Structure formats: C-alpha cells, structure tokens
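Structure first, then comments.
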Amino acid sequence: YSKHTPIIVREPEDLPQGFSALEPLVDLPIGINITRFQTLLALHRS
Amino acid sequence: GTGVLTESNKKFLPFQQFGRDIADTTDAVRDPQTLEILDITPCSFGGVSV
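Protein chains in written order, with the working numbering: chain X, 608 to 653; chain Z, 34 to 83.
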C-alpha cells in the first residue's frame, strides 16, 4: 500500500495528526517467509 | 443476475471493480473489456392489487 501527501510546515519531526487513507499500489503474488525488514537509503554523501 | 445497466457517475477507484450498497448485493460492476463502470438497477417489479 502507498500514499503520498505533502505536509504543511517543517515543524518538529512528528507524524502529522490526520486521517489519510492508503490505496493499494501493487499486489505482487509471491510467497516468502519474511521475519525481518531493512530499508535501503541512498548514501549520496559525496 | 438480471436488471437494467446504466452509466453510473460513481467515482470508482482504479483498483476497485465491484460496488455494493448497504447490503451484500452488487450495485455496480466494471466492464472487464472496456473498463466501464455500470450501475446494476433491478428490473421493474411491484405489487398488484385487484
């Protein structure tokens, strides 16, 4: 599921209080036992 | 099923195909070929008194 909304102001880092429904993006039919998760960030430190 | 099919002005999402009313009855369905949303209105019924 995915959703992309723009926040109002760059206030202190905290989840903005509000209801935003997330519509499904993709439903990949694959079966794998997943017990861990790790994000992939772009270094781009230069 | 049976009923009259009419072009509905319902804002069907791209991922949604069927549409139900307050009961578990299909009120609108998207055409699988032309991707058109049609409303399913029941046929003309009613009571008869003599």
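Beta carbons are placed, not taken as given, at the ideal position from N, Cα and C, and that holds for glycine.
Integer-rounded CB distance, given that residue j should sit under 8 Å from residue i
i        : j        : result
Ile-70/Z : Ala-61/Z : 6 Å
Residue i versus residue j: straight-line alpha-carbon distance, rounded
i         : j         : result
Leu-622/X : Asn-42/Z  : 35 Å
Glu-618/X : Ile-639/X : 39 Å
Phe-51/Z  : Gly-36/Z  : 16 Å
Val-633/X : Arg-652/X : 31 Å
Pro-65/Z  : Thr-58/Z  : 19 Å
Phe-78/Z  : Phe-45/Z  : 28 Å
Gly-34/Z  : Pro-75/Z  : 9 Å
Own chain residues within Cβ distance below 6 Å of residue i, not counting five before or after
i         : result
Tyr-608/X : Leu-629, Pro-631
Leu-650/X : none
For residue i, the nearest candidate out of the options (CA to CA)
i        : options                                : result
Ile-73/Z : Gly-80/Z, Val-83/Z, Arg-53/Z, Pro-47/Z : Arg-53/Z
Residue(s) in a DSSP beta bridge with residue i
i        : result
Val-62/Z : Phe-51/Z, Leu-71/Z
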